[PDB]
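Before any questions on how it binds or moves, here is one chain, the form deposited in one PDB entry, in structure tokens.
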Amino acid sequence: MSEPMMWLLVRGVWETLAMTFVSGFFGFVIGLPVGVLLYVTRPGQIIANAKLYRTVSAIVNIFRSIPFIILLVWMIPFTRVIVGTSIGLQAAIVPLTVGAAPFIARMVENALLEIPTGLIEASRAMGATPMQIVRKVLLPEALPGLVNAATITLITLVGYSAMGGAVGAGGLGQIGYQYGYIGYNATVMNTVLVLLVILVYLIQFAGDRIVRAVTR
């Protein structure tokens, strides 16, 4: 391997952790409240909206049903308008989080749905307010669930950020696209593979370590 390459990988390893973790964060700042407000609106729950649910549920399904690459490309104009660029590390983050929100919100609600409804009932009975019941009761109870989703989201975002390197998000994905496809060096491809696999096992192992840490 060329020394200018080793140093280039280390950008990507970074530009990968960057995209993946940042996209993740923003995706939760959105999907999380989306998820919560998808849980409540179902029949029987604290605020039950037949119609509000249907709307939010169809659109997440729409957004979720657009294969990420197609999301990214269709989003080129959006990105520039907001970022001022369609290119690079921070440009990637716009589509990359739009691609994460539907995964996340759906998961969050599915995690909330694991919580036995009698817990709500206890809570209202103590004179607890719908905000109180969320942050005081519901979220704490799915923390394992939610931390599980995070693990599963960040991993998803790696593959997403990698496919962003065909469209120039940079990162280890860019490096693979160039040196495994455009023109080929065996060594460079092979350490791209191996870097990515490790980033995932590490992301997986760590999450499990956190989820296993929550009390039974």
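Quick note: we count residues from 1 along the sequence shown, nothing fancier. Whichever C-alpha set is largest while still superposing within 1.5 Å between the two forms counts as the rigid core.
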(message) Please compare 55-63 with 152-160 and name the stretch with the higher mean C-alpha B-factor in the deposited structure.
(response) 55-63
(request) Would you tell me which stretch averages the higher CA B-factor in the PDB entry, 107-115 or 132-140? (result) 132-140
(message) Comparing recorded Cα B-factors across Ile93, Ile87, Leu146, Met126, which one is largest?
(response) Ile87
(message) Given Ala166, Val188, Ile47, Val34, identify the residue with the highest C-alpha B factor in the PDB entry.
(response) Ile47
(message) Please say which third, lowest, middle or highest, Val81 falls into when its CA temperature factor is compared across its chain.
(response) middle
(message) Please place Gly173 in the lowest, middle or highest third of its chain according to the CA B-factor in the PDB entry.
(response) lowest
(request) For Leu72, return the chain-relative third of its C-alpha B-factor as stated in the PDB record: lowest, middle or highest. (result) highest
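What comes next is about the form deposited in another entry, which is not displayed.
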(request) With the core superposed, find the residue in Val73, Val137, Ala128, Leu113 that moves its CA 2 Å or more between the shown form and the other one. (result) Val73
(message) Once both forms sit on the same rigid core, is the C-alpha displacement of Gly168 at or above 2 Å between the shown form and the other one?
(response) yes
(message) Given a superposition on the rigid core, I'd like a yes or no on whether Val56 shifts its C-alpha by 2 Å or more between the shown form and the other one.
(response) yes
(message) So, superposing on the core, is the move of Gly180 at the CA at least 2 angstroms between the shown form and the other one?
(response) yes
(request) Have a look at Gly165 and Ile30: in the other form, are their Cα atoms closer together or farther apart than in this form, given the change is 3 Å or more? (result) closer
(request) Work out the direction of the Cα-Cα change for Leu71 and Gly159 in the other form: closer or farther than in this form? It's 3 angstroms or more. (result) farther
